[PDB]
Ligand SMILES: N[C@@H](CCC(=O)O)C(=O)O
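The chain below stands alone, shown as structure tokens; this is the form deposited without the named molecule.
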């Protein structure tokens, strides 16, 4: 297993090496801040390199993806699935937020915050939106420009751009290809930077252990964060998905668990939603009787854009980092977290080697320090194996629901 997938093993070896070095080097003496900064510099370089690519990645990905929307996607069978795919995911994100505001791991007015959010969804300058944001200062009130990339405004403008360009048809073919090419270029860059990741991440972990000032309380926070992520996973899956299934399909939601149990076990084992497709097909279309015309569209697309466990993960983890730094997010950034987690959930599986840039996207969207992200990587190998399970269960329930919202249409189209 040391030759296949030589990126997870390298990252875990880097994490272990950084932890050992931090433990052995904080034992010597109070370490000078300058040499601590020198030690942690490679991690800062890595995160600067990763943040350098967020804007081109967003611009390329939104334009490329929104140009691939087809009205011939098996008729309504597509759109219904989409209405499912963006629904549950959003709920998951919101649920995660609630839990991270209830468990509280890691111990301006509201109207003005919401007005600033609405203003930021509609920026006045597109070039200024790339590196600045707006806020209401007070002494009458006035509006002042703060530093920080306007993620939501750019995302909204380019969503509108992609929607308007997809309606041009074949006339705008030279541009859809253009951005298309750009996508691979930036994706190639993301492949190279993540190869330097094992050497950088370790350094950051060392920089987090040398100057933590307390080892017994940070390990309690990193345990409570795992506890709330796990609790969110069970709540979302076990309660909501059968409940959403029963209020629409109106059949027994436990026979569905009985039918897709092998797919759940395979997802737990392999920890990959794409490699579970052969098992989940044989489960859905043989054990439950779902028509082949539904699964062959729902499952391959849900395995790429229906990541409802990653959304909850990313909604919990951003507010956890904010709580560790003492930042109390107002109501204008809770919505930003809930939206950016939903957007990043879709791009986490569509973009290869994108599990560390999607968190940076949220952190920069809400303006949080990005040096506490090192601790998140140290515990990802304990959580992904059952984030994948929740993703697979969400795909299976969507496939079971679309067969109940399109049974009559298939029956009529057969005859």
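Residue numbers count along the first chain shown, from 1. We call the rigid core whatever largest set of C-alpha positions still superposes within 1.5 Å between the two forms. Shifts are known only where both forms have a C-alpha.
The form solved in complex with the named molecule is left out here; the points below concern that form.
Name the stretch, out of 171 to 179, 96 to 104, 323 to 331, 305 to 313, where some heavy atom lies within 4.5 Å of the named molecule in the bound PDB entry. Going through the listed ranges, the match is 305 to 313.
Indicate whether the named molecule has at least one heavy atom within 4.5 Å of a heavy atom of residue 366 in the bound PDB entry. No - in the bound PDB entry, heavy atoms of residue 366 and the named molecule never come within 4.5 Å of each other.
Closest heavy atom of residue 74 to the named molecule in the bound PDB entry, within 4.5 Å or not? Residue 74: no contact with the named molecule in the bound PDB entry.
Taking heavy atoms and a 4.5 Å cut-off, does residue 271 contact the named molecule in the bound PDB entry? Output for residue 271 is yes: heavy atoms within 4.5 Å of the named molecule.
Taking the named molecule as it sits in the bound PDB entry, is residue 371 near enough to touch it, meaning that at least one heavy atom pair lies within 4.5 angstroms? Output for residue 371 is no: heavy atoms all beyond 4.5 Å of the named molecule.
Using a 4.5 Å cut-off on any heavy atom, which residues of 388 to 405 would contact the named molecule in the bound PDB entry? Heavy-atom contacts within 4.5 Å come from 388, 391.
Quick check on the comparison between the shown form and the other one: with the core aligned, only one of 292, 72, 188, 250 should show a Cα shift of at least 2 Å. Which one is it? Among the listed residues, the one whose C-alpha moves by 2 Å or more is 72.
After the core superposition, state the residue ranges of at least 3 consecutive residues in which each CA shifts by 2 Å or more between the shown form and the other one. The runs that move are 71 to 74, 350 to 357.
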